[PDB]
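Convention: sequence-line order gives letters A, B, ...; per-chain numbering from 1. Counting starts at 1 for both ligands and their atoms, following the listed order.
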Amino acid sequence: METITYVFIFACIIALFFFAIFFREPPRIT
Amino acid sequence: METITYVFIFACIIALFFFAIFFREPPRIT
Amino acid sequence: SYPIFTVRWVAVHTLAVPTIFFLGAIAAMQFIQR
Amino acid sequence: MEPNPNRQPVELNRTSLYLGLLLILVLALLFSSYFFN
Amino acid sequence: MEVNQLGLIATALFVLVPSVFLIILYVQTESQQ
Amino acid sequence: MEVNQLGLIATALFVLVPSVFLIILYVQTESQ
Amino acid sequence: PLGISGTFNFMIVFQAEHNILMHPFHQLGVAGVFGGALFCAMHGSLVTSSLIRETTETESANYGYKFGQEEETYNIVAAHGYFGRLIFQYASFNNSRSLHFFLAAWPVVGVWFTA
Amino acid sequence: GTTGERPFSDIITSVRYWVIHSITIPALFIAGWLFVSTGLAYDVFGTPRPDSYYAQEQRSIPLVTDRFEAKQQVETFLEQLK
Amino acid sequence: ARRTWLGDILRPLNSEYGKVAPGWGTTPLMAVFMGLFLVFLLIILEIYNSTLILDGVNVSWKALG
Amino acid sequence: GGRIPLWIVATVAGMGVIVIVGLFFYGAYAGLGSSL
Amino acid sequence: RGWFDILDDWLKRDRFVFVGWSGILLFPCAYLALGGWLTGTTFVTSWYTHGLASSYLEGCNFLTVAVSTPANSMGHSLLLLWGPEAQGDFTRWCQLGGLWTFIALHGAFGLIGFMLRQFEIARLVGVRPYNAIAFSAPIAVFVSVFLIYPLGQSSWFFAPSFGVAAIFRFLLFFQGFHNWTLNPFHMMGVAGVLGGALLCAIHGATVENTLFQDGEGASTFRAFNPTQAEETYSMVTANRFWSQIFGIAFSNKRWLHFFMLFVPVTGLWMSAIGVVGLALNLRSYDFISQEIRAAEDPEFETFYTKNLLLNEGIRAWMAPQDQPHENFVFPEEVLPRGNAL
Amino acid sequence: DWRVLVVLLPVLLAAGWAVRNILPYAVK
Amino acid sequence: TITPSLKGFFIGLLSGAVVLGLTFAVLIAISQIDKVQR
Amino acid sequence: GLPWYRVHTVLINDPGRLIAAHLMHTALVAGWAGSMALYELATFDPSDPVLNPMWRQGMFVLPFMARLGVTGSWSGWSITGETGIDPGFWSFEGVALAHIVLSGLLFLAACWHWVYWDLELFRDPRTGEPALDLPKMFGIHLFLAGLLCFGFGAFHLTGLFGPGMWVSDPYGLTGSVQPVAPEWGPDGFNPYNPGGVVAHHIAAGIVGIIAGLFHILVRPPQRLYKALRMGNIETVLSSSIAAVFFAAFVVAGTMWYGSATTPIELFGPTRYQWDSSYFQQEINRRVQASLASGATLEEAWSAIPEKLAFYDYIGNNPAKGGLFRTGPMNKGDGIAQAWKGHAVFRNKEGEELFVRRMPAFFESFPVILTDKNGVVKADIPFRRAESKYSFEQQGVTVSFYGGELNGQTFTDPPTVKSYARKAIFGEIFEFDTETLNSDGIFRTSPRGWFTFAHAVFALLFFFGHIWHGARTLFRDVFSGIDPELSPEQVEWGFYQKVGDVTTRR
Ligand code: CLA
Ligand code: CLA
Ligand code: CLA
Ligand code: CLA
Ligand code: CLA
Ligand code: CLA
Ligand SMILES: CC1=C(/C=C/C(C)=C/C=C/C(C)=C/C=C/C=C(C)/C=C/C=C(C)/C=C/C2=C(C)CCCC2(C)C)C(C)(C)CCC1
Ligand SMILES: CC1=C(/C=C/C(C)=C/C=C/C(C)=C/C=C/C=C(C)/C=C/C=C(C)/C=C/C2=C(C)CCCC2(C)C)C(C)(C)CCC1
Ligand SMILES: CCCCCCCCCCCCCCCCCC(=O)O
Ligand SMILES: [Fe+2]
């Protein structure tokens with residue numbers, strides 16, 4: 001259970017990276 | 001631990017009753 | 001005029017005919033002795 | 001490319017909130033004995 | 001008593017995950033006006 | 001490994017509760 | 001007993017000592033409760049089947065009714081037109097008062113008997 | 001309000017209705033009576049008569065215990081009563 | 001709408017929306033095949049059920065040799 | 001067409017059911033099924 | 001006009017009993033299921049399958065007659081009249097339990113026919129199909145109890161027999177063998193059935209006691225007109241009453257009547273799931289924590305342990321006669337019994 | 001066997017009786 | 001190799017076909033005589 | 001706004017985002033498969049396929065990989081117990097990894113189809129509106145299905161280009177992955193004949209290719225298009241759910257009754273093998289054969305393989321479980337270590353007595369010993385005071401032949417009773433209850449859990465079918481009935497034909 005938990009948390013972080021980069025709020029000039 | 005869980009859920013239900021009665025969405029005519 | 005024989009007539013008799021027959025058979029059964 | 005026209009807002013009113021919470025809490029109250037076993 | 005120790009996390013997620021779903025939907029309904 | 005069994009629920013709640021708080025705030029920000 | 005398994009204990013002992021299942025007043029209770037659930041679903045489904053179109057596919061039909069509106073929200077003649085053909089005409093209510101009195105009376109009287 | 005069949009209340013208060021059914025109803029009743037009083041019901045359905053559940057010195061049930069020989073078992077049991 | 005090379009190649013396969021054959025078309029032939037398949041499923045069911053018993057068809061584990 | 005009054009049809013039919021049903025309760029105490 | 005369309009015309013004529021295309025499936029199957037039950041309960045024994053009398057001819061009354069299940073030795077045979085068991089002999093077919101499969105299978109196709117009729121009439125009249133949808137619950141109960149349940153077990157023998165007392169025995173079997181009262185899916189069924197009856201009673205009473213005075217008579221039924229557009233009772237006063245009596249009330253008539261559909265239909269669906277589990281003996285029979293404690297601590301006693309003793313009594317005392325094919329012989333000394341009784 | 005006609009006779013006779021009494025209107 | 005039960009299967013199959021064919025023969029007949037007037 | 005139960009209806013007229021959602025679902029499912037397999041690999045003990053096979057260990061996807069030919073681990077073991085195997089890439093581990101990689105690739109394609117939803121392919125060239133030609137899509141996909149079905153049968157299952165499938169002898173003793181030749185005769189419809197599975201896939205695949213070709217080229221008849229609302233994708237959902245619950249009932253039944261595709265070394269025995277004493281008869285058959293060729297009792301029973309004896313034990317009967325008794329069978333009765341031997345009971349007059357076995361229905365069962373003729377000769381009494389048949393009074397002993405206790409005899413009543421309590425369960429095994437802290441209460445096997453899940457899902461998908469079929473045929477009144485529906489259409493006799501306003505009188 002503890003191995004699963006550590007890998008789960010790590011996998012969520014990688015997913016977060018994906019969204020943070022490709023689905024960021026785009027910076028707009030104005 | 002199981003006793004705590006049973007009484008916790010029960011207590012949440014009683015609290016929900018409070019909100020549902022006193023903080024309901026008010027029925028409004030026509 | 002009114003028709004005599006209808007789908008309704010059939011549905012009614014499909015049930016009524018055997019009902020009376022069964023009722024007679026079950027009446028006779030009350031006199032069976034062992 | 002135009003934005004997607006099929007997007008719709010979703011709603012849950014307060015009464016539905018109360019009904020859904022009650023359902024979940026009562027379900028939990030019912031099944032928890034069986035989960036602990 | 002010798003209960004299944006996983007019954008606690010099972011119960012906690014069974015309550016938490018659906019409840020949070022409904023709260024999320026309710027609060028974003030209110031802030032629409 | 002003989003770990004603490006309450007470790008699992010502590011970790012799960014540690015992640016879930018704060019994360020849900022933020023998600024609730026973000027979603028209702030988007031819908032106004 | 002004031003408890004879930006205590007209730008079942010009471011039911012089982014009652015059956016051993018009184019053969020409640022073979023007692024007509026309990027059989028009437030079952031008819032009151034099974035029939036009550038039946039007619040609950042029937043009435044809910046017939047009114048639901050005949051709601052008048054007041055909304056779009058993207059919103060709950062419940063928003064077609066507004067609390068305290070004067071007009072009925074379903075078409076009882078259409079409900080009767082469906083239910084009378086499902087069985088036959090005279091087995092279906094067209095009088096909403098008689099209908100709702102029947103809904104009240106069937107389970108109440110069945111539960112009186114089982115009590 | 002009506003689909004064109006004749007009203008029931010009109011039919012069952014009619015003279016002709018009861019001319020026919022004062023015959024047909026008792027006739028059907030008597031037919032069903034005789035179906036039983038003659039013993040025919042027993043033979044058609046295979047239902048034991050009060051003297052035919054057990055053999056005289058027998059308190060064993062003639063229970064069918066094979067699927068494909070079941071027909072023959074029943075027949076074997078019946079011959080144990082002749 | 002966005003055109004793509006793969007889309008241009010697949011295009012004809014999604015070009016006849018709503019096109020029908022007139023009247024009943026092949027409906028009578030479909031009915032035949034449906035009926036055959038019903039009998040065939042009946043057979044298969046009744047073999048499994050041991051209501052249909054066929055020579056050399058031992059409906060048992062003991063058919064694994 | 002409407003010759004026989006329906007209240008008479010109902011009384012005679014009604015009595016006819018009381019008879020058959022009565023016979024069936026009688027038979028609970030006589031013969032097969034009576035425990036005797 | 002093609003022949004198919006002319007048959008459609010005829011099937012869909014407005015008559016005293018609507019027929020429809022669904023009628024071709026419904027009417028023969030329903031009448032055969034019903035006729036099989038009346039035939040069997042009047043004339044047919046259960047001697048060779050069960051060691052029981054079960055017909056009026058044999059001396060049974062309305063409470064004890066049944067069409068009983070086939071013998072356990074038939075397994076799950078379709079028991080067709082022309083099949084290998086009865087071999088076309090009607091008499092033996094009756095004695096082997098064929099009327100049971102006959103009723104169950106015709107009954108199943110009759111239930112399909114009836115739900116198709118609900119669809120068909122709803123489409124012709126122009127209403128929504130919610131009465132058909134609601135009827136899915138009775139269907140789920142029928143198939144799960146009369147078909148799926150015996151199919152997971154050894155044979156049709158253990159399905160319910162079609163009779164009043166025979167069903168009573170089925171209830172008691174489920175208590176003693178499956179501890180069915182402890183099953184959360186049955187519990188949800190109980191709540192939906194008892195909840196439905198409550199909704200039925202409380203809604204009818206509410207309407208009848210919030211009526212508008214729409215006529216001068218002391219009999220208030222006369223002051224309703226099926227074509228009036230006005231509501232015949234006051235939702236507003238009803239809502240106030242219940243809000244002040246109970247704390248909450250309905251305010252939306254549509255939700256109210258959908259809820260009335262929802263509660264009993266859902267409850268029945270839930271009970272069906274539990275019975276699917278019992279097909280496999282996948283019971284909610286025990287609580288492991290309770291058993292571990294009770295085995296170790298002879299002073300520990302709960303209503304749960306008390307009820308298992310009762311189940312144990314049920315099983316040992318009813319099994320030899322209820323399962324005659326097993327040839328159970330329990331000498332007096334092995335029967336569980338409390339003191340004196 | 002003989003019991004089958006004993007049973008079936010009131011049926012056929014009742015059927016015949018209704019045939020006679022109704023034939024004129026069935027024609028229409 | 002045409003066993004008793006295969007023979008019974010065919011008996012059941014023909015019986016059913018007779019029942020459905022007879023039923024539909026009769027419904028077609030009635031529908032053709034007693035049409036709706038439009 | 002949309003109620004919560006309708007949020008996914010925004011895809012109904014959006015083929016690209018529908019594809020994206022379907023891709024995401026496919027990614028999730030493939031991801032589960034890889035995840036489940038890795039968890040099972042991390043927990044599976046491969047060291048004893050005799051008394052600790054996969055189905056005792058709560059393995060669920062392991063048997064499906066083994067069924068189609070995946071039998072070894074990169075770690076060097078195989079499920080048949082052979083060691084030193086080299087499976088190549090298609091080990092359990094490689095299958096799991098492939099599914100995880102597949103999941104990741106599907107996830108990326110889901111993102112692309114979600115963003116680039118407005119593809120011209122999805123637009124009707126006449127009208128400019130999103131449109132899917134469902135009749136032709138069906139022919140395309142059916143043709144593909146037929147091709148894959150055929151290839152699976154013709155290459156994988158035959159071993160022409162593939163591994164074959166799991167086959168065994170009738171007593172589940174010697175299973176292995178073997179190529180299987182098609183059975184084209186009537187025994188191919190026998191659920192227990194593996195060659196029928198091969199012929200099915202070849203023949204049905206050809207039929208699917210042909211039907212597919214038909215459905216690509218021939219348009220639906222007008223009458224059927226309109227009747228089934230073939231312009232409405234929800235009619236496909238309705239019929240597809242119907243096909244799926246049909247399929248789910250079939251696999252539930254064949255899992256429960258057994259067939260060539262649900263072999264007992266991968267899923268455990270069936271309950272019917274206990275009901276019919278299937279394994280006991282074969283055991284007795286072999287012992288009688290050893291004896292009539294001059295073997296000792298000890299020799300005849302010692303020749304019984306432990307794997308066969310373990311099947312003849314009610315703890316492996318899948319109908320002995322409970323809904324909330326979780327985990328592997330090992331958690332209940334323990335990890336089987338050894339057959340103790342065949343117990344033979346005799347009374348003080350040397351007569352052999354037989355323990356009456358527990359039927360699956362009974363959570364508890366009394367201990368009754370009979371003679372060869374079914375006559376009760378000993379029991380464990382409940383009330384002692386009028387006891388006639390006690391082990392103490394009848395002088396019951398127990399002797400063991402074969403197994404760990406071979407040639408031992410026990411005579412002290414408490415010990416003899418203790419083995420008779422265990423003999424109601426069939427053959428007697430030594431269990432390790434400490435390793436898993438086993439609680440002593442029977443659990444069901446993967447055969448039971450699979451059947452339960454699939455029978456329940458099938459029943460629920462029947463409601464889905466009714467719901468979406470209703471929605472398809474009554475689309476026009478989903479939101480309510482016509483406000484201008486007049487009493488003439490629903491009152492009786494106005495129209496000769498119900499709902500047809502052209503048949504007014
Ligand atoms: C809607 C009508 C309906 C339906 C659905 C059923 C359904 C059923 N009945 Mg019931 N039945 C009905 C009407 C119906 N019945 C009527 C009206 C009667 C009174 C006669 C009965 C009397 C009856 C009995 C007495 C029994 C059943 C039984 C059964 C079951 C098996 C049926 C079977 O195997 O069919 C098989 C047949 C078909 C499926 C027909 C398919 C048609 C084929 C494809 C066409 C054949 C082509 C032809 C032969 C070629 C012609 C060539 C020529 C030149 C030679 C099933 C539950 C049995 C039962 O309940 O078991 C317990 C049973 O014993 N039925
Ligand atoms: C508070 C007491 C209570 C309540 C309210 C219930 C309620 C219920 N029980 Mg439980 N039960 C209880 C106590 C109770 N039970 C106890 C103490 C026990 C002992 C353990 C049981 C044992 C028990 C068993 C063994 C079963 C239930 C079942 C059910 C469900 C029945 C659903 C239904 O209507 O079936 C009625 C049947 C149908 C709806 C089927 C279709 C019927 C068709 C439409 C009939 C058409 C008839 C025809 C047209 C006319 C016939 C005419 C003829 C009569 C003359 C329901 C959830 C059943 C269940 O869970 O099923 C899933 C079940 O099998 N109960
Ligand atoms: C030489 C040619 C050949 C051969 C040898 C086979 C061999 C086989 N076929 Mg294939 N088949 C072929 C050609 C062939 N097929 C062709 C050309 C087609 C047309 C594309 C098919 C279509 C086909 C189908 C559709 C099925 C088979 C199945 C089978 C297997 C039958 C044994 C079994 O387990 O049945 C078990 C299955 C049944 C007995 C059918 C059960 C029918 C149920 C009872 C219908 C009612 C369900 C209902 C919704 C239940 C709800 C209520 C319930 C709870 C009571 C066997 C592998 C069956 C299978 O895959 O089994 C796993 C199956 O379902 N075949
Ligand atoms: C790309 C190829 C591919 C391959 C070679 C495999 C191979 C495997 N998978 Mg993976 N899988 C894949 C893609 C693949 N998968 C994808 C895309 C997904 C996401 C959906 C998954 C999800 C998945 C799961 C969830 C699981 C597997 C499992 C497995 C194993 C068992 C397969 C099995 O029993 O299938 C059985 C397949 C069937 C019984 C399919 C029946 C199809 C029906 C009958 C068709 C309906 C009829 C048709 C439409 C029309 C018929 C017309 C006819 C006339 C021809 C095997 C190692 C299992 C495993 O062990 O995981 C570790 C498992 O549990 N896979
Ligand atoms: C088809 C589905 C399927 C099947 C048959 C199995 C089968 C199995 N699994 Mg697997 N598993 C699956 C899916 C499945 N799994 C999935 C999706 C996951 C990811 C979560 C897992 C994860 C998993 C793990 C991690 C483990 C297993 C294990 C096992 C074994 C023990 C199962 C057990 O104790 O169940 C217990 C089942 C229950 C207690 C029933 C649950 C009943 C639900 C909660 C009822 C809910 C009702 C609902 C709330 C009512 C509301 C309705 C209405 C009012 C609105 C068994 C062989 C175990 C094992 O032995 O592995 C080696 C193990 O440790 N499984
Ligand atoms: C391939 C299967 C399939 C597909 C593609 C759909 C698709 C759809 N359904 Mg149907 N449905 C299905 C099966 C399917 N359904 C089955 C089996 C049932 C019976 C249970 C239903 C019953 C049903 C109803 C009653 C309704 C729909 C509706 C809808 C639409 C809206 C769904 C939505 O937004 O849900 C949103 C759902 C959620 C946000 C949360 C659902 C949470 C559930 C309760 C528990 C979670 C399950 C969990 C993830 C595990 C799932 C895996 C499981 C398969 C093992 C959509 C077109 C709705 C509709 O018609 O709108 C017009 C509607 O009212 N469906
Ligand atoms: C099975 C079978 C079949 C069929 C059959 C049939 C179809 C039958 C029917 C039958 C029927 C159809 C019957 C009927 C009966 C009836 C009855 C028997 C009734 C009774 C009643 C009563 C007793 C009542 C009473 C009362 C009361 C109690 C109260 C109120 C009033 C009154 C009067 C109502 C066939 C041939 C195909 C073949 C196979 C088998
Ligand atoms: C991105 C990418 C990648 C990766 C990927 C990954 C990493 C994946 C993963 C995935 C996974 C890892 C997934 C999984 C999934 C899972 C799931 C999907 C689950 C489900 C579950 C469920 C649904 C459950 C349910 C239930 C419960 C809970 C209770 C009991 C009952 C039931 C069973 C119902 C790669 C590298 C390839 C490449 C590139 C890209
Ligand atoms: C779908 C509609 C099905 C209709 C079924 C009607 C069935 C009537 C059949 C009665 C015939 C029984 C003949 C028995 C002869 C059996 C001979 C044999 O088993 O080899
Ligand atoms: Fe109402």
From the options [options], select the one whose nearest heavy atom is closest to [atom].
| atom | options | answer |
| --- | --- | --- |
| atom 40 (C) of ligand 2 | K:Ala30, K:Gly110, K:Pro138, K:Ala33 | K:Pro138 |
| atom 25 (C) of ligand 2 | K:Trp269, G:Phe8, K:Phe177, K:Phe174 | K:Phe174 |
| atom 5 (C) of ligand 3 | N:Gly208, N:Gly188, N:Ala203 | N:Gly188 |
| atom 7 (C) of ligand 2 | K:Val190, K:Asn183, K:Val141 | K:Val190 |
| atom 62 (C) of ligand 3 | K:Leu151, K:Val276, N:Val250, I:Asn49 | N:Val250 |

Taking only heavy atoms of [X] into account, list the atoms of ligand 3 that are under 4.0 Å away from them.
| X | answer |
| --- | --- |
| K:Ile148 | 54 (C) |
| N:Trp184 | 1 (C) |
| I:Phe37 | 25 (C) |
| N:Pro191 | 34 (O) |
| N:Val207 | 17 (C) |
| N:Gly196 | 7 (C), 57 (C) |

Does the side chain of [X] pick up a donor-acceptor pair with the side chain of [Y] at under 3.5 Å?
| X | Y | result |
| --- | --- | --- |
| K:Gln118 | K:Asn131 | yes |
| G:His23 | G:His18 | no |
| N:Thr262 | N:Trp256 | no |

Quick one: does [atom] have a protein heavy atom under 4.0 Å from it?
| atom | answer |
| --- | --- |
| atom 22 (C) of ligand 2 | yes |
| atom 48 (C) of ligand 3 | no |
| atom 19 (C) of ligand 2 | yes |
| atom 54 (C) of ligand 2 | no |
| atom 38 (C) of ligand 2 | yes |
| atom 27 (C) of ligand 2 | yes |
| atom 10 (Mg) of ligand 3 | yes |

Checking contacts here: is it the side chain or the backbone of [X] that comes within 4.0 Å of ligand 2, counting heavy atoms only? Could be both or neither.
| X | value |
| --- | --- |
| K:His178 | neither |
| K:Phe173 | neither |
| K:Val145 | side chain |

Discussion item. Before moving on, can you tell me the angle at the Fe ion (ligand 10) between the NE2 atom of G:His100 and the NE2 atom of K:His257, to the nearest 10 degrees?
Written reply: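 It comes to 180°.
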Write out the residue and atom name of the closest protein heavy atom to [atom], then the distance separating them to 0.1 Å.
| atom | result |
| --- | --- |
| atom 12 (C) of ligand 2 | K:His186 CE1, 3.5 Å |
| atom 60 (O) of ligand 2 | K:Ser271 CB, 3.2 Å |
| atom 34 (O) of ligand 2 | G:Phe34 CE2, 3.7 Å |

Fill in: Aromatic K:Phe258 / basic K:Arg254 pairing, under 6.0 angstrom, 45° off normal
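Here K:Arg254 fails the 6.0 Å and 45° test against K:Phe258.
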Worksheet item: Heavy atom of K:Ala272 under 4.0 Å from ligand 2?
Response: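 Judged by the 4.0 Å heavy-atom criterion, K:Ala272 does count as contacting ligand 2.
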Fill in: pair K:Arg117-G:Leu86: side-chain heavy atoms closer than 4.5 Å
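Yes, at least one pair of side-chain atoms sits under 4.5 Å.
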Discussion item. So K:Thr69 and K:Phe158, do their side chains get closer than 4.5 Å, heavy atoms only?
Written reply: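 K:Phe158 does not reach K:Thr69 side chain to side chain.
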Worksheet item: Hey, is N:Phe189 touching ligand 3 through its side chain, its backbone, both or neither, going by heavy atoms under 4.0 Å?
Response: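 Looking at N:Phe189 and ligand 3, atoms from backbone and side chain both fall under 4.0 Å.
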Discussion item. To the closest 0.5 Å, what do you measure between NZ (K:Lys253) and CG (G:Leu51)?
Written reply: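 The distance works out to 11.0 Å.
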Item to complete: Could you walk me through whether G:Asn94 and G:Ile76 pass side chain to side chain contact (heavy atoms under 4.5 Å, CB included), step by step?
Response: CA-CA 7 Å; G:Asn94 48 37; G:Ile76 188 173; 6.0 Å; no
Item to complete: Could you check K:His186 against K:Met270 for side chain to side chain contact (heavy atoms under 4.5 Å, CB included), going step by step and ending with a plain yes or no?
Response: CA-CA 7 Å; K:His186 185 248; K:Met270 288 306 99; over 6 Å; no
Worksheet item: What N/O/S atom of K:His203 is the closest to the Fe ion (ligand 10)?
Response: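 Per the distance ranking, K:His203 contributes NE2 as its closest N/O/S atom to the Fe ion (ligand 10).
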Worksheet item: Does any N or O atom in N:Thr254 lie less than 3.5 angstrom from one in ligand 3, N or O only?
Response: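 No, there is no polar N/O contact under 3.5 Å.
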